[PDB]
Amino acid sequence: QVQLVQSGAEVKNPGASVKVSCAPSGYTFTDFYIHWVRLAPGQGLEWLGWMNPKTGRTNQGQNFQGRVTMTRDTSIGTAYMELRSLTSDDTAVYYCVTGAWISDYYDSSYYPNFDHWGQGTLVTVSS
Amino acid sequence: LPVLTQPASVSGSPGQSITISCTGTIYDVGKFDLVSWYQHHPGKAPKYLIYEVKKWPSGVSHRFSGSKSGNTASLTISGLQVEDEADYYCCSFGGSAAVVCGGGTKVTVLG
Amino acid sequence: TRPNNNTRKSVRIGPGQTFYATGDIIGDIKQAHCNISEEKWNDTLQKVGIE
Ligand SMILES: *[C@@H]1O[C@H](CO)[C@@H](O[C@@H]2O[C@H](CO)[C@@H](O[C@@H]3O[C@H](CO[C@H]4O[C@H](CO[C@H]5O[C@H](CO)[C@@H](O)[C@H](O)[C@@H]5O[C@H]5O[C@H](CO)[C@@H](O)[C@H](O)[C@@H]5O)[C@@H](O)[C@H](O)[C@@H]4O)[C@@H](O)[C@H](O[C@H]4O[C@H](CO)[C@@H](O)[C@H](O)[C@@H]4O[C@H]4O[C@H](CO)[C@@H](O)[C@H](O)[C@@H]4O[C@H]4O[C@H](CO)[C@@H](O)[C@H](O)[C@@H]4O)[C@@H]3O)[C@H](O)[C@H]2NC(C)=O)[C@H](O)[C@H]1NC(C)=O
Ligand SMILES: *[C@@H]1O[C@H](CO)[C@@H](O[C@@H]2O[C@H](CO)[C@@H](O[C@@H]3O[C@H](CO[C@H]4O[C@H](CO)[C@@H](O)[C@H](O)[C@@H]4O)[C@@H](O)[C@H](O[C@H]4O[C@H](CO)[C@@H](O)[C@H](O)[C@@H]4O)[C@@H]3O)[C@H](O)[C@H]2NC(C)=O)[C@H](O)[C@H]1NC(C)=O
Ligand SMILES: *[C@@H]1O[C@H](CO)[C@@H](O[C@@H]2O[C@H](CO)[C@@H](O[C@@H]3O[C@H](CO)[C@@H](O)[C@H](O)[C@@H]3O)[C@H](O)[C@H]2NC(C)=O)[C@H](O)[C@H]1NC(C)=O
């Protein structure tokens, strides 16, 4: 079984920023892409962005740019997801997701072959 | 984003057959077969049971199967039980350069 | 193939004439390439060697 962990549940004030984690192993971290989604509370989920673990290329949802940013380090080998402008209505379970294999001759970043999922990072905010 | 029109609930007694669909736009699925379906179950981590529209990853009963026609795809089902109740979702290719997901649905199988 | 999926951004230079330069690239920036089955190439190489 592949090893996969996020940062635990988090708490903020509305309008603040978040730094949710994902630190998997079992495969070399530059093998498969990393994806993030927002599981709404009683509504359909929404898609945030994807990581190329091997390069600085990034892409995010067409509605979430500016609100979301997301980076990675290789000294410790972990990637961090960020989101500004939190509200009480968007409090949700934020999931780390594994993408498709990384090929240098064709693009598979957007393939939704999500074989592995994190345990879920709940975030809730209050005044 | 287009929240694909999932029917919020289609169900009946155990052993029934249903088809969870979700429909979008001419541009999204008309050039790819990138569709996958997921599960949610009182708050636990999700499951992953169909991908590439009609392909099975591994530990999945073949009751679940895929279908496609133009702007819409579906998750075909036959032979349900109470354990099959879950929040099923569809997420597929949504243009440059991302995926988009539907409105969700609950299989309210009775009992 | 060229796996990039590029796009056309428009410019006007001087009066009533135009030239086009690639726009913002969609998706991951992969590498361009060709492919040849090594078996058919190799059978060709040895068929030319025997000659
Ligand atoms: C020009 O020419 C070039 C070639 O010269 C050509 O490029 C090639 O194209 C191929 C076709 O697209 C492409 O093939 C794909 O390969 C994928 C993976 O490749 C191999 O890797 C794995 C090895 O597994 C990893 O990870 C495990 C842990 O899981 C680990 O234990 C292993 O050790 C290994 O470790 C990693 O790190 C190592 C560190 O040293 C490293 O050495 C390893 O190499 C590795 O990086 C093997 O198991 C495979 O057999 C492959 O041999 C392969 O996954 C992929 O198939 C999937 O994608 C298809 C679409 O491309 C789908 O249609 C298909 O269904 C497959 O779907 C699986 O994967 C998804 C997730 O991506 C999953 O959701 C699915 O359910 C399914 O998973 C199934 O298995 C898992 C268990 O693994 C189950 O849990 C599931 O339930 C399923 O049963 C393709 O086959 C090839 O890579 C590429 N070559 C290169 C170099 O890029 C190019 O296209 C040509 N182009 C032109 C224009 O000419
Ligand atoms: C490779 O790269 C190309 C671009 O270089 C991508 O192609 C574009 O993909 C985007 C999706 O990211 C497409 O977006 C759609 O554009 C439509 C254009 O609308 C105008 O033109 C049409 C047709 O002429 C008119 O009918 C229309 O009235 C407009 O004048 C939009 O209308 C679409 O918006 C609607 O649908 C989306 C969902 O599909 C909804 O979210 C919107 O709210 C709205 O209801 C849509 O945005 C774009 O058309 C593509 N262009 C071309 C030239 O192909 C490829 O996707 C990319 N491929 C990969 C694999 O990365
Ligand atoms: C190549 O370099 C050029 C700069 O020389 C980049 O163009 C610049 O892109 C930025 C970011 O999009 C533009 O500024 C933005 O303007 C919006 C207005 O809505 C503002 O809200 C943003 O905060 C930001 O300031 C900038 O105008 C633009 N430069 C010019 C001359 O128009 C370009 O993006 C680079 N290429 C790539 C692929 O990134």
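Positions of Cβ are backbone-derived with ideal geometry, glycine not excepted, and every protein chain shown enters the neighbour counts. FYI, it's all coordinate maths here, none of it is from the lab.
Normalised by the number of residues in chain B, the mean separation of alpha-carbon contacts (under 8 Å, six or more apart) gives a relative contact order of 38 percent.
For the charge dipole of segment A:10-125, defined by +1 on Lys and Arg C-beta atoms and -1 on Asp and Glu C-beta atoms about the Cα centroid, which residue among A:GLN62, A:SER88, A:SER109 has the Cα displaced farthest towards the positive pole? Of the candidates, A:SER88 comes out farthest on the positive side. Distance between the C-alpha centres of segment A:28-101 and segment C:12-51: 33 Å, rounded to the whole angstrom. Convex hull volume of the C-alpha atoms in the protein assembly as shown, normalised per residue: 229 Å³. What shape does chain C take by its C-alpha gyration tensor, where a ≥ b ≥ c are the square roots of the eigenvalues and a/c under 1.5 counts as rounded, a/b above b/c as prolate, and the rest as oblate? Note, shape of chain C comes out oblate. When +1 charges are put on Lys and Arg Cβ atoms and -1 charges on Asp and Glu Cβ atoms, the dipole computed for segment A:1-96 relative to its Cα centre reaches about 200 debye. On the basis of the beta-carbon distance and an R0 of 22 Å, C:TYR20 and B:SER96 show a calculated FRET efficiency of 0.70. A simple charge model with +1 on the Cβ of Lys and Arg, -1 on the Cβ of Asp and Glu and nothing else charged puts the dipole of the protein assembly as shown at about 580 debye relative to its Cα centre. Here the spin labels are modelled as points 7 Å beyond Cα on the Cα-Cβ line, and at C:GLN46 and B:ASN71 they lie 5.7 nm apart. Between C:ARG12 and B:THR25, the FRET efficiency estimated from the beta carbon spacing at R0 = 35 angstrom works out to 0.60. Between the listed residues A:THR78, A:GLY118, A:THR30, the Cα displaced farthest toward the positive end of the dipole of chain A, a dipole computed from Cβ unit charges relative to the Cα centre, is found at A:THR78.
Placing a pseudo-label 7 Å from each Cα along the Cα-to-Cβ vector at B:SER17 and B:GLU83 gives an inter-label distance of 2.3 nm. So which chymotrypsin sites (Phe, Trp or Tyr not before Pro) in segment C:5-50 pass both tests, a DSSP loop state and at most 13 other Cβ atoms within 10 Å of the Cβ? Sparse-neighbourhood loop chymotrypsin sites (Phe, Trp or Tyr not before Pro): none present.
Label-to-label distance for C:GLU38 and B:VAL60 is 3.4 nm, based on points extended 7 Å past Cα in the beta-carbon direction. Across chain A, the relative contact order, built from alpha-carbon pairs under 8 Å that are at least six residues apart, equals 35 percent. Annotation note: chymotrypsin sites (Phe, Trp or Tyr not before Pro) in segment A:35-111 located in DSSP loop regions with a Cβ neighbour count of at most 13 within 10 Å are A:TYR105, A:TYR106. If only the Cβ of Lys and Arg carry +1 and only the Cβ of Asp and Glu carry -1, the dipole of segment B:43-111 around its Cα centre is close to 160 debye. For B:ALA73, nonlocal amide neighbours, meaning residues 5 or more places apart or on other chains whose placed amide H falls under 5 Å from its own, are B:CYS22. The Cα center of segment B:61-111 and the Cα center of segment B:3-50 differ in position by 2 Å.
Using alpha carbons only, the radius of gyration of chain B set against its Kirkwood radius gives Rg/Rh = 0.95. Are there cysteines in the protein assembly as shown with no other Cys C-beta under 4.7 Å, and if so, which? Isolated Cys, the protein assembly as shown: C:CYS34. Amide H to amide H, with H built 1.01 Å from N, A:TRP47 comes under 5 Å of A:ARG38, B:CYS101, counting only residues 5 or more places away or on other chains. For chymotrypsin sites (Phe, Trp or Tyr not before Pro), the sites in segment B:30-111 that DSSP calls loop and that have at most 16 other Cβ atoms within 10 Å are B:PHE32.
Going down the table (A:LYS54/C:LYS40; A:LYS54/B:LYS54; B:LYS31/B:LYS55), which pairs top 28 Å between alpha carbons? Over 28 Å apart, Cα to Cα: A:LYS54/C:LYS40; A:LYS54/B:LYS54.
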